[PDB]
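Engineer: Need a 3D model of the following:
(chains A, B, C, D, E, F, G and H, ligands or ions: 1)
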Amino acid sequence: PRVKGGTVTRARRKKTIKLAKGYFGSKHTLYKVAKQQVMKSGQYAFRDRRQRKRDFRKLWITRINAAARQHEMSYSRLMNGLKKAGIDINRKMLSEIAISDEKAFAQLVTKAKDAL
Amino acid sequence: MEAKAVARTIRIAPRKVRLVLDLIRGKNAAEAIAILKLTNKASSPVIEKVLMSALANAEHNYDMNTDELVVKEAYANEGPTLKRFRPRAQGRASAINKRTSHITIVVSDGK
Amino acid sequence: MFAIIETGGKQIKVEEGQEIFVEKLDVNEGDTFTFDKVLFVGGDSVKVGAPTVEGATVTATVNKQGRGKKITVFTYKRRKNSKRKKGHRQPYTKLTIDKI
Amino acid sequence: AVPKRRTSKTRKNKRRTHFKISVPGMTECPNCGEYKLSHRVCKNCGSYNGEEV
Amino acid sequence: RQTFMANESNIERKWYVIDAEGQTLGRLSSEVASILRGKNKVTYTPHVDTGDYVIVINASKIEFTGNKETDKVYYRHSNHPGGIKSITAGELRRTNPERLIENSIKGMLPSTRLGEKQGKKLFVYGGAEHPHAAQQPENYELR
RNA sequence: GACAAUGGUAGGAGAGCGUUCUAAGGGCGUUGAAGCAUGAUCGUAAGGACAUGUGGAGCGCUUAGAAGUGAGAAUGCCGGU
RNA sequence: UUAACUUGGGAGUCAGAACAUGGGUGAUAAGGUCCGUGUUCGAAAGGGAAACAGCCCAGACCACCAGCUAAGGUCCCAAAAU
RNA sequence: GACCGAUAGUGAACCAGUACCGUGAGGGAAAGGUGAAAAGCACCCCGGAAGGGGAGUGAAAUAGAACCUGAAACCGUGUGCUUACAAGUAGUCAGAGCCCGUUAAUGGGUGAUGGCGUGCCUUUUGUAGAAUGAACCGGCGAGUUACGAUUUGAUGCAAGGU
Ligand SMILES: [Mg+2]
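Structural biologist: Residues are numbered from 1 along each chain as shown, chains lettered A, B, ... in the order given. Sharing the structure here:
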């Protein structure tokens, strides 16, 4: 029996265009142009879940380095002592202590100089 | 309370109409009759003859006065073409698209 | 005050009356959980400060356990016929902090 | 020489910013009480009023 | 989750004036291009304007070691054909010492939508006075 | 519950969604079907529902059968712009 | 430590490229051309070499705003020792 | 009739080998649908007329002979956020400020500023390639059946099977 091409070329070419709303100009209207931007906007996102984890570490190290220099110590002298003086567990997301409570961040700097 | 009078499939183009309909939008209805009677284009008496039907269907059969009326929206959509050809040189032929237009004038009275 | 807990291979700065993403634990809803491993507990005046300090435990109370938003994972390569397409919902656990 | 690309709908609508007509520059014909185009006579009853035509 | 993002009404930016006498040219312009980007402070984030306004006085007494006074040249072009123009760092100290430091610093600033706004927190003066006494600066002992 | 594996074009092997039609068992439909339109929903993928609007008489589900069985490109072919 | 031979079902391929190292031909010429052994690209993403299939470190099951390291790096652009 | 349902099945569901092309033999398309019943819009009003808007027939004219449902491309009119010192394969991930309020879930629209980022196929030792192809949207458009051959999976019997 003749299988007529039914309502599957409606629906398959909506659920790509509806993913692609918010794009400039013709990249949200036409099929072929908004198709091949959806294939690249799920490829850019795949290397940006892997890059997000290592570019928020190029920021936490920047804040700690701009915290120990006012106590007159390097950064590389700060994550040396806190592995060697204490067994203060390696954490750099918890440079939130240096922002919030400067009185709390001062006693760590005391303990780092104490056994180095 | 608001009226309208739609004229459709007028022989004139759809881009040469909406230069004149751009000019009278949001203006008092007493002026806009007498702006279309001073411009020297080709679609001024055509638009004028349909503005004077939204100003007679707003006084008759709704019974509102024609001293307070204001043009709320006036827009020109597109009607079907008439594809005729033109015999061009070296045995070729090019297609000439005579387009037609729909004209809609809607007056209001601020209520 | 505040304290630093260690839950899912990573560390969370938490104070009081606070709700959190934590990756999946083994409790039903309406239960009570206990973090026996705290690191730097104390605000301005309260201090201990220690390598994996002992004695202080932090409680919690589970509000719901569910799944995050679907993160569609696509990857193609040009000039070839290669593609892949997946989808993922990382399961979490929402808590509420009752005592330090 | 032919176009190299299809000119878009952003570049098309920008080019006809300056493509329009201007207002006629009307007056009020003070004897009949109509509108007329200035420095012209009236198409109805109407004087020129510096010339009474 | 628990991270901080300092924004348009969560920071202040106070003033610094730096005596630029008796010290070399590119050893000075690193403790200025880091003050303008704001790496002396915690609550440093990208994508906003932290930092401090920096004023430079005594531009006339910066230094050079070796023959940079005669063999460092500043090529610029003018987009007409045959238009390259040369100027040396010995005649630039004497003629226009306000430009010499101001391009020793703006070569060290980032991608140039925000690095145009960071560079314009810098005031370079030739003598020993400055009309910015109404803004209350202080001396900054740079290393 | 331990310890293991999992980049991949030509190509070999496996496992599935969907479309029209027929047979059998059950079922919704003018107190509104198919189709179309909008939506912040569900599954590991193709794909499945449901909620108001338009629409005006026929359509899905479970097991098995049979194919004119799936379109982004062929200076592809007819129609529209 | 974990492959290897045997019998049968189904295709693909027969245009190869740089670098390293033994030699021919050319001029101890070419990103030249023709053979032996090894690697990478072919069919391989990622960090480095400013940009750059073939050079150096290393083989992506998906998620995380945790951790320790390789080639290479620590004034500033640009993470880390003026 | 496990055959087609208006680009299908005859070239042809419409008065088809007909408009139309050729001196001639010969080549050859395009077309379908109001409603259950024409009850197919009396009369007033702007108009030279077309075409409208009321009143009326009808279950509905937002089914009026451009007559069932009415997709996309493409042209319009309105409005919440936004843009006139900036070098853009137009996205992505981090994110202030503003206007909202869904299938209720660690929500939606918009995007000042920062990081990374040279379209898709086809042929290649190798393409962002300034090598090939497509203006865009919609339909149609390619490993099939027969009678044999051989191996594999099933099943019925088995010195006998058919
Ligand atoms: Mg080009």
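
Engineer: Now stretch B:10-23: buried residues?
Structural biologist: Counting neighbours by 16 or more other Cβ atoms under 10 Å in any protein chain shown, one finds that the buried residues in stretch B:10-23 are B:10, B:12, B:13, B:14, B:17, B:18, B:20, B:21, B:23. For the C-beta atoms, the positions are set from N, CA and C on the backbone; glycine is no exception.

Engineer: The fourth one touches residue B:78, doesn't it?
Structural biologist: Yes: the criterion here is Cβ atoms under 8 Å, and residue B:14 meets it with residue B:78 at 4.9 Å.

Engineer: The helix of greatest length in chain B and RNA strand H in contact?
Structural biologist: Scanning chain B for the helix with the most residues, using DSSP state H, yields helix B:44-54. Yes: using Cβ under 7 Å from any atom of the strand, helix B:44-54 reaches RNA strand H at B:49, B:50, B:52, B:53.

Engineer: Tabulate those residues (CSV), appending neighbour count and distance to residue E:44.
Structural biologist: Below are the residues of helix B:44-54 next to RNA strand H laid out as CSV (neighbours: other Cβ atoms under 10 Å in any protein chain shown; distance: Cβ to Cβ, whole Å):
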residue, neighbour count, distance to residue E:44
B:49, 14, 71
B:50, 19, 66
B:52, 15, 70
B:53, 15, 69
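
Engineer: for the residues you listed, which one is nearest chain E?
Structural biologist: Chain E has its nearest neighbour among the residues of helix B:44-54 next to RNA strand H in residue B:50, at 52.1 Å by Cβ to the nearest Cβ.

Engineer: Contact partners for the closest one?
Structural biologist: Taking Cβ atoms under 8 Å, 6 or more residues apart in numbering or on different chains, we find residue B:50 in contact with B:5, B:6, B:7, B:103, B:105.

Engineer: you'd agree the last one is in a strand?
Structural biologist: It refers to residue B:105. Yes: assessed with DSSP: H, G, I helix; E, B strand; the rest coil, residue B:105 lies in a strand.

Engineer: what separates it from chain A, distance-wise?
Structural biologist: Going from residue B:105 to chain A by Cβ to the nearest Cβ, to the nearest Å gives 31 Å.

Engineer: The fourth one now?
Structural biologist: Using Cβ to the nearest Cβ, residue B:103 is found at 28 Å from chain A.

Engineer: I'd like to know how far that residue sits from residue B:55.
Structural biologist: Counting by Cβ to Cβ, to the nearest Å, the gap from residue B:103 to residue B:55 is 15 Å.

Engineer: Name the residue in the two with the higher neighbour count.
Structural biologist: residue B:103 (27 against 20; other Cβ atoms under 10 Å in any protein chain shown).

Engineer: Helix, strand, or coil at the residue nearest to that one when sequence neighbours are not counted?
Structural biologist: In space, and not counting its chain neighbours, residue B:103 is closest to residue B:7: 4.8 Å by Cβ to Cβ, 6 or more residues apart in numbering or on different chains. Here residue B:7 is strand, with the state taken from three-state DSSP.

Engineer: Who are the contact partners of residue B:7?
Structural biologist: By Cβ under 8 Å, 6+ apart, residue B:7 lies in contact with B:46, B:49, B:50, B:53, B:102, B:103, B:104.

Engineer: if we can go back for a sec, which of the buried residues of stretch B:10-23 come close to chain D?
Structural biologist: Among the buried residues of stretch B:10-23, the ones lying close to chain D by the criterion of Cβ under 8 Å from any Cβ of the partner chain are B:20, B:23.

Engineer: could the buried residues of stretch B:10-23 be laid out in CSV, adding secondary structure and distance to residue B:96?
Structural biologist: Output for the buried residues of stretch B:10-23, formatted as CSV (DSSP: H, G, I helix; E, B strand; the rest coil; distance: Cβ to Cβ, whole Å):
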residue, secondary structure, distance to residue B:96
B:10, strand, 18
B:12, coil, 15
B:13, coil, 12
B:14, coil, 15
B:17, coil, 19
B:18, coil, 21
B:20, coil, 24
B:21, coil, 25
B:23, coil, 28
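
Engineer: Determine which two of the buried residues of stretch B:10-23 are furthest apart.
Structural biologist: Greatest spatial distance in the buried residues of stretch B:10-23: B:10 and B:23, 17.6 Å, computed using Cβ to Cβ.

Engineer: any idea where the helices of chain D begin and end?
Structural biologist: Using DSSP H, helices in chain D cover D:9-15.

Engineer: give me the residue from chain B nearest chain E.
Structural biologist: For chain B, Cβ to the nearest Cβ, closest residue to chain E: residue B:22, 37.5 Å.

Engineer: Would you map the helices across chain E?
Structural biologist: According to DSSP H, chain E carries its helices in the segments E:30-33, E:68-71, E:91-95, E:97-105, E:115-119.

Engineer: The residue of chain A found nearest chain B: how many residues sit nearby?
Structural biologist: Nearest residue of chain A to chain B (Cβ to the nearest Cβ) works out as residue A:29 at 19.0 Å. Neighbourhood size, residue A:29 [other Cβ under 10 Å]: 13.

Engineer: List the residues that contact it.
Structural biologist: Neighbour list for residue A:29: residue A:17 [criterion: Cβ under 8 Å, 6+ apart].

Engineer: which element is it on?
Structural biologist: Residue A:29 belongs to no helix or strand when assigned by DSSP states H and E.

Engineer: Phi first, then psi, for it.
Structural biologist: Note on residue A:29: backbone dihedrals following degrees, to the nearest 10 are phi -120, psi -50.

Engineer: Any figure for the gap between it and residue D:11?
Structural biologist: According to Cβ to Cβ, residue A:29 and residue D:11 sit 16 Å apart.

Engineer: again, but for residue B:94
Structural biologist: Going from residue B:94 to residue D:11 by Cβ to Cβ gives 26 Å.
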